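Before any comments, here is the structure.
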Amino acid sequence: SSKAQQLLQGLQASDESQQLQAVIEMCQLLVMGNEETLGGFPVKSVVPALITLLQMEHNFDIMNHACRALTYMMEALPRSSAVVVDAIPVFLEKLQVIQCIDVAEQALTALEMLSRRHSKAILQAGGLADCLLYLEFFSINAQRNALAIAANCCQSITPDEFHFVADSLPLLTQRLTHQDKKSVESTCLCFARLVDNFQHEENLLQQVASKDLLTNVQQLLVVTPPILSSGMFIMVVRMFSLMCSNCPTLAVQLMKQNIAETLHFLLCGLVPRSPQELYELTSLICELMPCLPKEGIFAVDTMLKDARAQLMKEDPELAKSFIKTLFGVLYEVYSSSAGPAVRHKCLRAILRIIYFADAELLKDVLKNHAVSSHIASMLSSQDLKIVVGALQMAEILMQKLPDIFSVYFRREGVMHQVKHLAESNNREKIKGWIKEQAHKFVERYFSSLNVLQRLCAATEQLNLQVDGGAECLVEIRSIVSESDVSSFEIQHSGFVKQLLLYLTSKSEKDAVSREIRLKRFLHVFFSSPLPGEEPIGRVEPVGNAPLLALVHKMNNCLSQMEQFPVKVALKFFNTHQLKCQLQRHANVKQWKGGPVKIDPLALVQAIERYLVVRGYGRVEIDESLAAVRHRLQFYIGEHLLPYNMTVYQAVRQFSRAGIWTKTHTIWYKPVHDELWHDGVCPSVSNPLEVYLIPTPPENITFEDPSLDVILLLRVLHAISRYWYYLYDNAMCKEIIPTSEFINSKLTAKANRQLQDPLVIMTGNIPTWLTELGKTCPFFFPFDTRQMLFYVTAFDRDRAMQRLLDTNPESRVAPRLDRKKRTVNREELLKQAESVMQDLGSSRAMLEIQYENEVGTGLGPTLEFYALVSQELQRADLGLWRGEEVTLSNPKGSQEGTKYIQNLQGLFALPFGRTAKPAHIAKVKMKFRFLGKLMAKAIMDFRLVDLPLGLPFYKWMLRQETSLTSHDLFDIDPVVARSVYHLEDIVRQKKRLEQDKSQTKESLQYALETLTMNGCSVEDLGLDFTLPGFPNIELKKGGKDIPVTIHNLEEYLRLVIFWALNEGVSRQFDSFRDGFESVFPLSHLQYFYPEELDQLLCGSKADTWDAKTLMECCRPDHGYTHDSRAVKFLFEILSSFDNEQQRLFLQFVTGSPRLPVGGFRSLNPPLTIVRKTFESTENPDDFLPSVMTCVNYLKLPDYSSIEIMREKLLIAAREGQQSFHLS
Amino acid sequence: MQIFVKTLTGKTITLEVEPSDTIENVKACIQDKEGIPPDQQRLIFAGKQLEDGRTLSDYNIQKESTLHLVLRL
Amino acid sequence: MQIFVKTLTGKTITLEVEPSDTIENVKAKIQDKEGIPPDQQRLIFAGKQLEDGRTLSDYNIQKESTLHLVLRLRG
Amino acid sequence: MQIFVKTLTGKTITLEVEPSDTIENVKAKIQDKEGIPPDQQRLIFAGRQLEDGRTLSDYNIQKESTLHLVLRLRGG
């Protein structure tokens, strides 16, 4: 302030140089300061002096500095803009006539800054035309400021004043077609605000609309790629909705301009869109159509809560064209959504279209569509608006066309539903109206067939007490394949329950055993051999169509009857906080403070820490106790409170408006080896018998009218996956690929439920979704299951981070910790082990720095994960099978180091009973480290590069007891042939022994005569050592016991058991112990053995091409589209064999993997820019630059593709494993 | 090239950038290295309040240059 | 006197060097060998990065030695 | 041929030039008529700034052309 006063006296001077120095020092002091430092500055006296100094035009260099000083005064502290904002007339007058461009630009910037909080003053000053008097021949950076101030002035405009914007309306209307983005957005926002504010005056809307604005907005919307953002897209569509609704003549004019084609192009061109966009588009479509009469059967609308008609009464060609154009698209949108509001809007639009159309048009349009099924399905719904809509639609449609809709309703199950319906005040009134209307309908119209009876006769023969042979099954197959049975007759005639009890029943009272029934089903559907006539060869049928047809019919039926509820505020949650009362349940101090601050997202650990610090934990603020062991515990009722649980969830569950209002109380209180001797092994488990049960599993608790179909589909999926366990010989192959079981509506409902921020804030995913995901995972694709796993498996911060990284959307801001460790590139194993042991279980993200590097961020961590993953495969440790290879392009010291590589996969080596304990201890420690590393990598959304095999994942998912001989092909190929041939021989042995028409000597001679490729078992001379590892005994004494025909099945079983389960048991037990120290294995039950690879490592490798590259790549900063270097690089990228692809990925992103989805899934798109060089050095001998933190590529301009190729390879190869620039 | 940034409290943080970089990238690096969110950060230089979305080549910043960082409340 | 310069992966280049000289001359020779600009190349010797503007005499660099090459590209 | 020049305050100036005359010659004629220093003008025609090294035929400037005169100042 001491210098401020002197600057004031300098400002109040006369010498021009003195004034220039004063203003320069003023701006210098203003820019550097802030609110804290510049406190006490006098503004009420300095500001008028600055205004007076600016009110003079005898010099051109001090005006710029005066405007700059005022602008920086505004920017320094946002408190002076009540007295500083007084020279608005001076600014406007300086804008009227221009002498210098810079002063006008600075005045525009200052005015734009001022307009944020004070727009009424500038509106009264009449600056709407003053700005944009000379809008052209300005700089690019001032046009956006001028348009922003125009929009802010138009934000709050009174109906009384219109002459202030009437002059400039055509200018903005023409400007609405500029090639830039922000200018177009600002002009669109201005027009939207004008239309919204002038909604109750039809004349003003007519004046604003004109005839060029509509067509310009039309071309702006149609032209792609989208130059307009999603929010302003919604705003523009809402402007259309308001103009159409509030002015019928504008709606007619808009219809005359073939808006149907524009809407068709927008909706399909269906392009995936946010629910808000679809809601706005459906509202527009509904508003284009004439209003519904309020008299007649539509009187229920009064309690549930013109010019278009003239145009329809005129030449109806336009209306017919519109209806025929958009009815199909509207129905398609309706049949592919799940949301309370979109469905209602679509229903209203469809009802209006049906009502206002004539007979011929309705007959033509309702040909390739299904309406009766939807009406029947939507009659029975708890939401009591859809029932009324369905009833009205049925009444109107059947009153217009009686003949055609007399058999469809009867077959599809509408008449029965209306009959069932016919057989604190608004609810009663609407119920009474529904009852009366249903009674009138039934009494008036529906008062007084070889498929339903055929199905009933077929399902009568499926009863268990009566034998049926196989004619019933072939009749059912014929009906399912070649007929037109609806989804109502299948329910009406008991078929799903009869089939379920046919397949999954086991009792003495059954006429036919379960095995014969299963064989009969597998013969009628799918071409498996008939029981009792199994061929001596190998089973491999071709036909599988009937099972697919039955599965599709069941899926459609389930989709018809499904009734699961979807449930889709922020300021309330972010602002209001919780207050609770603590009461003793008595060695600790008694609580008397009263209310306790409880954040809605807070955990009980914070409460425990606060209690400990406060001194209530004893048996002054102390930090030693805060700086593991548990001393205090919080209880609510008889249920313990987990540490990883939020107080809001605890109140909701153990203890709505009451959650946030009523006080809650939490109590506190201080805290003979048979295998080695005899040679017997456990039997092979058959997974099918676990699934074959009529009763629902214990995990299922929800009640829905569509549960029997779910159970039948579960049984069918189990049969399809596991069908070769019911035959002595078969090949492993699914009858139906699991991708064909996906339900198109359950997936949509799950995806919609997984997009609400609030249900992830509170973690209130409904029971049905979790239970279905954990019990029947085939109903959803991989992405939905991954999303659900990430949301429900961990804390809320990680879930919201995942949501932000996969769906850009009272603003949410995830909060997380960040702890950094430094390592060295010489002892990576030991340092990684120490880091994992110290910080493995910590709930904070792990970032790793390097000793001689400055770079920090995600790139170093990804590089560390890749290095550790590569290091875990060295041939010195000796943990997996495979061959020894030399890595391509190694480091300085990594050259010559053997690495274990296998073409099929990796499996752990076995040890028997003669292994040194130190070796086993080393193997167990390494396995624990690997398990902990994988568990930590899964949490932090990181990617590894460890090519594991299928049996590894089966072991991980607790499936070690169902490993048959077909699982040796994925481990060791050479021994699989021997095992298969020996099984073929033992089958022949059994077949020979199953004949009683021989003698003992003849039987012995026949057994001995059997040969394998011209050689006998005696000639082979094998033993009880596992092949390939001549140091492991299958059983004690396995050195002097040769293999013979009499002991061959035991030998094969011992080999399989030792090679798959026995010798690799302790290792995987150690792996499970290491993995479960982070998060339990029970959270991986969603996935499948063939799908964990995508979750752990990256996506499958594929060739890159420019067509998919023109979807995420966004070049700028000297590399506009249709340039030379960009196309050269784009062409040279797609010339790799995935090796240079991995090199480029590690060069730019830092990891040799990509997220699921390709180049689009990467949150920071690959942004390519130019690099600045000097005018002397040629722009040819330079290397490209990369910033891995945000994926910022800086690519030098060149002239030859060959030079690009020859320098990119050197850049990738000679610049790895270092961060010397940051 | 190397740049130095200093605050009102008094501390010299050294960064290494390139002329083709972006001011937003520099602010993100400062946020990562210090924890200050890139919303209250104000970068002033030679009297200007430098804006975002531009490059250091525009502001003729050369080797061994000093920048000023002032927060806001 | 044929001092060797070894890159990261596998390449090695001979270089006849004067006893006393600046780093810029050796950099020019390395550029003639490969073509690395004077903006991304860093030299590491023993356990220290060779600072520019000095001579090999003060770095205790004698005849028939090996200098490892590192490119300052990533971020 | 004669062309018209419009500045930031109007003042339509009719200047006689030749198709072979460069933009530098037009600037010299404008300076002779008025006196604006060469380092302050930012002559822009049809929304595009006119390079001094080009000629009228390069910018397709014809008879009765309505040029726009724009001033400029140092940055910082």
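Here the Cβ is made from the backbone with ideal geometry for all residues, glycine too, and neighbour counts use every protein chain on show. Just so you know, all these numbers are worked out from the coordinates, no wet-lab data involved.
The Cα atoms of the protein assembly as shown define a convex hull whose projected area, averaged across directions, is 77.1 nm².
Positive-end ranking of D:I36, A:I24, A:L957 along the dipole of the protein assembly as shown, with charges on Cβ about the Cα centre, is headed by A:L957. Which distance in Å, rounded to a whole number, links the C-alpha centroids of the stretch A:1128-1172 and the stretch B:1-55? Each part reduced to its Cα centre gives a spacing of 28 Å. The distance separating the Cα centre of the stretch A:476-545 from that of the stretch A:742-812 comes to 36 Å. Between the residues A:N64, A:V604, A:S1082, the greatest Cα displacement towards the positive end of the dipole of chain A, with unit charges on the Cβ of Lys, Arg, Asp and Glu, is found for A:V604.
In this Cβ point-charge picture (+1 for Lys and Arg, -1 for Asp and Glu), the stretch A:570-670 has a dipole of about 260 debye about its Cα centre. Binning the alpha carbon pair distances of the stretch A:282-384 at 10 angstrom intervals from zero yields the distribution 12, 45, 36, 8, 0, expressed in whole percent. Highest average first, the peptides D:65-71, A:803-809, C:24-30 ordered by how many other beta carbon atoms sit within 10 Å of their residues are D:65-71, C:24-30, A:803-809. Straight Cα distances below 18 angstrom link A:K592 to the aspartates and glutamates A:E608, A:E620, with same-chain residues fewer than 8 positions distant left out. Net charge near A:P529, counting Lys/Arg +1 and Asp/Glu -1 over other residues with Cβ under 14 Å of its Cβ? The answer is -2. Taking the centroid of alpha carbons for each part, the stretch A:1-69 and the stretch A:347-413 are 76 Å apart. Note on A:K924: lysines with a C-alpha under 30 Å away, same-chain residues under 8 apart excluded, are A:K819, A:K820, A:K830, A:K891, A:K898, A:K916, A:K932, A:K936, A:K954, A:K1035, A:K1036, A:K1039.
Shown for D:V5, A:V407: other C-beta atoms within 10 Å of each C-beta, ranked fewest to most, produce the order A:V407, D:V5. Counting every pair of alpha carbons in the stretch A:898-1052, the share spaced more than 28 Å apart comes to 40 percent. Counts of other chain beta carbons within 10 angstrom of each beta carbon in peptide A:95-102 average 4.
Mean partner shielding of peptide A:55-66, defined as the number of other chain Cβ atoms within 10 Å of each residue Cβ, is 1.
Counting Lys and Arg as +1 and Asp and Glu as -1 over every other residue whose Cβ lies under 13 Å from the Cβ of A:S720, the net charge comes to +1. Charge dipole (Cα centre; +1 on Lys/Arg Cβ, -1 on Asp/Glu Cβ; no other charges) of the stretch A:402-450 amounts to roughly 140 debye.
When +1 charges are put on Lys and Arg Cβ atoms and -1 charges on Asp and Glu Cβ atoms, the dipole computed for chain C relative to its Cα centre reaches about 380 debye.
Between beta-carbons, use under 14 Å as the cut-off and find the net charge around A:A470, counting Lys and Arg +1, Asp and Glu -1. It works out to a net charge of 0.
At each listed q (0.23, 0.24 Å⁻¹), what is the log10 of I(q)/I(0) that the Debye formula gives for chain D modelled as equal alpha-carbon point scatterers? Result of the Debye calculation: -1.14, -1.26.
Take each residue of peptide A:704-717, count the partner chain Cβ atoms within 10 Å of its Cβ, and average: the result is 0. Each residue of the stretch A:1034-1050 was assigned a 3J(HN,Hα) from its phi angle through the Karplus expression (A = 6.51, B = -1.76, C = 1.60, θ = phi - 60°), giving 5, 9, 4, x, x, 10, 10, 10, x, 7, 10, 5, 5, 10, 10, 5, 4 Hz with x at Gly and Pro. Per the Debye formula on identical point scatterers at the alpha carbon atoms of the stretch A:595-705, with no solvent, log10 I(q)/I(0) at q = 0.19, 0.21, 0.23 Å⁻¹ is -1.07, -1.23, -1.34. Each of A:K1039, A:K367 was scored by other Cβ atoms within 10 Å of its Cβ. Listed from fewest to most, they are A:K367, A:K1039.
With 26 Å as the limit, the listed pairs A:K509/A:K553; A:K363/A:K567; B:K48/D:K27; A:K294/A:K320; A:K363/A:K749; A:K579/A:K774 have A:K509/A:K553; A:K363/A:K567; B:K48/D:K27; A:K363/A:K749; A:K579/A:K774 beyond it between alpha carbons.
Couplings for the stretch A:854-865, taken from phi via the Karplus curve 6.51 cos²θ - 1.76 cosθ + 1.60 with θ = phi - 60°, read 10, x, 9, x, 6, x, x, 5, 4, 5, 4, 4 Hz in order; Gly and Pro are left as x. Plainly put, the stretch A:23-70 has a radius of gyration that is 1.00 times its Kirkwood radius, both from alpha-carbon atoms, as the Rg/Rh ratio.
Cross-link partners of A:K1107 among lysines, defined as those whose alpha carbon lies under 30 angstrom from its own and excluding same-chain residues fewer than eight positions apart: A:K181, A:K182, A:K1127, A:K1171, A:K1194, A:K1207. Look at the dipole of the protein assembly as shown built from charges on Cβ: of A:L176, A:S978, A:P781, the Cα furthest out on the positive end belongs to A:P781. Residues in the stretch A:982-991 carry Karplus couplings, in order, of 5, 5, 4, 5, 6, 4, 4, 4, 4, 4 Hz; the curve used is 6.51 cos²θ - 1.76 cosθ + 1.60 with θ = phi - 60°, and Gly or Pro positions show x. Amide H to amide H distances under 5 Å link A:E847 with A:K819, A:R821, where only residues 5 or more positions off or on other chains count and H is placed in the peptide plane. Across the alpha-carbon set of the stretch A:744-806, the Rg to Rh ratio works out to 0.93, Rh being the Kirkwood radius.
Among A:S1082, A:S380, sorting on how many other beta-carbon atoms sit within 10 Å of each Cβ, with the fewest leading, yields A:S1082, A:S380. If one takes the longest principal axis of the Cα atoms in chain C, at what angle in degrees, from 0 to 90 and to the nearest 10, does the Cα axis of helix C:23-33 lie? For C:23-33 against chain C, the angle is about 60 degrees. For chain C, the relative contact order is 43 percent, taking Cα pairs closer than 8 Å that sit 6 or more residues apart in sequence and dividing their mean separation by the residue count. Expressed in units of 2.2 N^0.38 Å, where N is the residue count, the Cα radius of gyration of the stretch A:1106-1213 is 1.04. If you wrap the stretch A:397-479 in the convex hull of its Cα atoms and look at it from every side, the mean projected area works out to 9.3 nm².
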